[PDB]
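First, one chain by itself: the form deposited in one PDB entry, in structure tokens.
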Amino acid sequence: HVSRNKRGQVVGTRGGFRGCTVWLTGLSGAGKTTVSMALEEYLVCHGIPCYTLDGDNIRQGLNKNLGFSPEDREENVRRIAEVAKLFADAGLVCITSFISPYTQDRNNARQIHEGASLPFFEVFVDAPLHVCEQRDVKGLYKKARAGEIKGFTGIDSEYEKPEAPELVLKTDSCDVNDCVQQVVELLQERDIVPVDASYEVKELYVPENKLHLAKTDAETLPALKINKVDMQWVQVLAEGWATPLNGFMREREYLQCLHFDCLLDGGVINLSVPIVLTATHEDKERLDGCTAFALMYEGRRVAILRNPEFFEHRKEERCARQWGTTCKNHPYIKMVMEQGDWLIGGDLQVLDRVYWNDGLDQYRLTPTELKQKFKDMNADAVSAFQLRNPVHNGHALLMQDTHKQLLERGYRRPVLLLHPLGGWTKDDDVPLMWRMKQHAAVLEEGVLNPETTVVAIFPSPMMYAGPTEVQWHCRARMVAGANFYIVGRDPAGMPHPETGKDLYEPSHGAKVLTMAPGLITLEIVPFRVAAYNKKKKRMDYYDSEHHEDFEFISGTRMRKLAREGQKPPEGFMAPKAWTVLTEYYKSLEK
């Protein structure tokens, strides 16, 4: 015969043998039918073939010749157990749904399974006899109280409670979802049902109560000195923004990311940018072989990377695939080109909590802290606005028009996550402190409402990789609990350093995002280019037949106006936000 290992490559789409028997037992009306039906449905919605033995298929086929007097009752269970073991042998999750009141009959069913190395999960669907009588789902209790059913178990027979059930379901204190979840978690604990890849936040910080230990432990390890952009990726990871990574990407994750823009093990997860740690040939030969090493920023041990692996940093290829150009003078590519030729993946345990002592640590909320913030505000929708530039009223418009659309849909407490990036940025961008003072100003003028707006800083470095990057911007906000992701023209783009043309076609980030896999809990809210409209004296959506009506105001014109001592047109930006920028531009010329 074909082995269990091989029958399981072909039973279902999920690999690996998982035949077993989930043996429900309890009083008439305790919940067995209802649990097995909901379990079966879960299993089938998750790709795991199963089959249920119950009163409707056993009693009138195989067991039709069995009456009620007690040797028949014993034989009934025995036959059910033998059939179930056969189903389990065949690679199915067999669910059985019979009162099965006697301990001896159920231990026998367990032993027929265990003697054949098939898992047997005895699930006691436990509700008091009075409750099951109350329910009297099929009117059998009312018919027993007045004769003409037998030793109806609970009344004229006994029900013998299992002594060591794999699970007890207290159906008078829990709901059907509680039941199904408790059973599914059992089956996951026991490797019958796999744990799919998830976006549920996963911090890589060691628990506070394990901290001091981990620090001591970190002291005994060899060490690798990291730089500030790295430390900032250490924070992206620590806080969960790259959930479910367990650390810097291993080879297999890096290659998935570069070719498919997704992690694929255990389900499709969007992750389009490498999150890697680099190393020179010298650091590799030093650390290669150790099972753990510490990462050291500004002479402090900030994280431990366990079970590391070293693989090549094929830099030209990485760059080409991530940015769609290998141009040496792209400012993030320039840094990648100066890194080592090795990458290191492993499981990252981050130690002290990351704080930059710079005056802005109050805005650097983790995804958990943000989710908590959204619930504390009782939002029923969260829209996110990634950005790296001062907010002008073209951005504000996209935020204002999304807030509108969510009102018109029915939401009654939309919250805006105004989410500037604070990780590394290229030289000629507006420094983070400036931009935050600038958005504070925009909020003080009420262009965005401070009572419905959370302002926090996204710790990722900025890569300037367009349609590749904007998936990362988007997914990061989905992790933090955004339900809606606002995207306009050329997101994450910049001019090509050699040609001066746009590196990326401006509609690409949005088109790509609207069809990118793994972006399941959010909706993409895309917008056309907005620009100062000179006729209507406000920011508006650009229109082609009407070219003369619109002023495009670049970071470069603004810097010019600020020197000349002038102002952009009224309604381009909030006057106090402008003032912040004049103060910015003043220090810049020095």
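Residues carry their position along the shown sequence, with the first being 1.
Note that the form deposited in another entry isn't included here; everything after this is about it.
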Hinge assignment for the rigid-body change between the shown form and the other one, options 387, 47, 198, 550: 198
Change in CA distance between residue 185 and residue 204 in that other deposited form, which is 3 Å or more, as closer or farther: farther
Sense of the change in Cα distance from residue 178 to residue 379 in that other deposited form - at least 3 Å versus the shown form: closer
